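This is what each chain is made of:
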Amino acid sequence: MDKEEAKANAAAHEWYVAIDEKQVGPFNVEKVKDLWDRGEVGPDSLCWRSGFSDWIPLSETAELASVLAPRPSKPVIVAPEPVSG
């Protein structure tokens, strides 16, 4: 190999995710980007990180969209009452 995986900055991100009510291993923007792309991670599940005080779903924060390219899917309907608020 002529590159870095742990020393690289593009993949020097460490943040866990709430999956199946169980905490997952440390992921990176370079790793998740591939998972979320195919739907390997939890888009609607809460996401944590070093320093995070609480848990928040990626489907609520748009800051995760600019990083994780979303996938176009058919239209879906949701309940009248919100989940948070």
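What counts, and at which threshold
Residues numbered from 1 in each chain as written, not as in the entry; some residues may be left out. Heavy atoms only, no water. Helix = DSSP H or I, 4+ residues; strand = E, 2+ residues; numbered from the N terminus. Buried < 20%, exposed > 50% of the residue type's maximum accessible area, 1.4 Å probe, protein only. Contact = heavy atoms within 4.5 Å. Areas by Shrake-Rupley, 256 points an atom, 1.4 Å probe, with all protein chains shown as cover. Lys, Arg positive; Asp, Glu negative; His and termini not counted. Charge placed at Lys NZ, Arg CZ, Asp CG, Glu CD. Arc of directions from axis to C-beta. Core = buried A, V, L, I, M, F, W, Y, C linked by side-chain atoms within 4.5 Å.

For this deposition, the record names solution NMR as the technique by which the model was determined.

**Q** With reference to specific residues and values, describe the overall build of the protein chain.
**A** Of the regular secondary structure elements, the protein chain holds 1 helix and 4 strands. The principal-axis extent of the C-alpha atoms belonging to the protein chain is close to 50 × 30 × 20 Å. Within the protein chain, the fraction of its 85 residues that count as buried is 20%. Summarising the internal contacts of the protein chain: among those between residues at least 6 apart in sequence, 36% fall at separations of at least 24. Accessible surface, the protein chain: about 7200 Å² in total, of which carbon and sulfur atoms supply 52%. Looking at charge distribution, the protein chain has the averaged site of its 9 positive side-chain charges lying 6 Å from that of its 15 negative ones.

**Q** An account of helix α1 (residues 29–38) is needed here, citing residue identities and associated values.
**A** For α1, the full list of buried residues reads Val32, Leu35 and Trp36. For α1, the angular spread of the buried residues around the axis is 95°, confining them to a single face. Positioned one or two residues after α1, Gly39 has a phi angle of 90°, which is positive.

**Q** For the nonpolar core, give the residues involved together with the corresponding values.
**A** By size, the foremost hydrophobic cluster in this structure holds 11 residues: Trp15, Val17, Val24, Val32, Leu35, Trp36, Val41, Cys47, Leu58, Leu64 and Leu68. Take this core: its biggest share by element is 3 residues, from α1. When neighbours within four sequence positions are excluded, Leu64 is seen to be in contact with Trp15 and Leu58.

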